[PDB]
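> From the sequence below, what's the structure:
(chains A and B)
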Number of protein chains: 2
Amino acid sequence: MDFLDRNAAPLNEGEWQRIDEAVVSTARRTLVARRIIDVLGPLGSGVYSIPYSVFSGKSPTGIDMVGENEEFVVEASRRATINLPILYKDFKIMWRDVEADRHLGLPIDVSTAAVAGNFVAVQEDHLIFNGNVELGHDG
Amino acid sequence: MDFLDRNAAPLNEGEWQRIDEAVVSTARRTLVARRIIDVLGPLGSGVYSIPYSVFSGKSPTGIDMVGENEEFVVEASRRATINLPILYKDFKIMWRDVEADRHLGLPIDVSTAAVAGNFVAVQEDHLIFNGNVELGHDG
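Numbers count the residues shown, from 1 in each chain, chains lettered A, B, ... in the order given. Below you will find the coordinate block:
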């Protein structure tokens, strides 16, 4: 895999685990959407687009002793398809702080990561509720 | 001896060595008096007072073919005793600086110890030249 090239960073497994926690726990607090919209997946890193059905039509339900009908299907009004954008924000960690951690043991302040996590989750909510014109999404 | 203690102190040997060196090296820099005047002793910590002889007077001296006379004696114009005071100054090494050394690695700020050394050497200098009024010493 290794697009997420965490081997090349200096941060040790503890510093990664604390960055991941400081991201996840900031997402959990910040997001409104995942409180009312259920997650699908995660699908995988490589999936660029999803085909999905629109079930915009109401239809009857079958009720019989035995099952002698076939009209009681659900059929997609259309198979739409949507591309998955990237939401991203970047933060620096100054090299001195890594040196302080690795020698003195004064640990990395991951709040830069948590602030990036917030500025991404805010955009995720903005995309979900308001859509996005230029990606051609709808919300 | 062992009126002092090295062992209940928090310092390791290398810290005692740096403190003592910073003391001796500030004394040598500051003890002008021990350049012009010879040290009697150091006799030891136990010595409290010393008897000494003063030869302020002048006397006749013997010149004879046989040496019959015995008036010609070296008479101490006064014989006296002086008490050795303590010259002292206290320097305080903060617990946080020991903690930073023992964990982080920043060496001890022994500059306080050097400044105590200087204030002692200057008090010895002031004693030798000007004399302490309360002790009734002569400078």
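> tell me which element the residue nearest to residue A:52 when sequence neighbours are not counted is part of?
Computed as C-beta to C-beta, 6 or more residues apart in numbering or on different chains, the closest residue to residue A:52 that is not its neighbour in sequence is residue A:80, at 5.8 Å. Every C-beta, even on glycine, is put in place using the N, C-alpha and C of the backbone. Following DSSP states H and E, one finds residue A:80 within strand A:78-83.
> Which secondary structure elements does that strand sit against?
For strand A:78-83, the packing partners by 3 or more C-beta pairs under 8 Å, 6 or more residues apart in numbering or on different chains; DSSP states H and E come out as strand A:49-54.
> give the contact list for the closest residue to chain B within chain A.
Among all residues of chain A, residue A:104 sits closest to chain B, at 4.7 Å; criterion: C-beta to the nearest C-beta. Contact analysis of residue A:104 by C-beta atoms under 8 Å, 6 or more residues apart in numbering or on different chains lists B:104-105.
> Now do it against residue A:28, distance only.
Using C-beta to C-beta, to the nearest Å, residue A:104 is found at 31 Å from residue A:28.
> now residue A:126
18 Å.
> and if you look at residue A:9?
From residue A:9 to residue A:28 the distance is 24 Å (C-beta to C-beta).
> Please apply the same query to residue A:113.
14 Å.
> which of the two has more neighbours?
Neighbours per residue, other C-beta atoms under 10 Å in any protein chain shown: of residue A:113 and residue A:28, the larger number sits with residue A:113, 19 against 12.
> tell me which parts of chain A are close to chain B?
Within chain A, the residues that sit near chain B (C-beta under 8 Å from any C-beta of the partner chain) are A:103-106.
> can you rerun that using 7 Å?
Contacts of chain A with chain B, taken as C-beta under 7 Å from any C-beta of the partner chain, map to residue A:104.
> ranges for the helices of chain A?
A:13-30, A:33-36, A:95-103, A:111-130 (DSSP state H).
> Tell me which of these lies nearest to residue B:121.
Closest to residue B:121 of the helices of chain A is helix A:95-103 (C-beta to C-beta; 38.0 Å).
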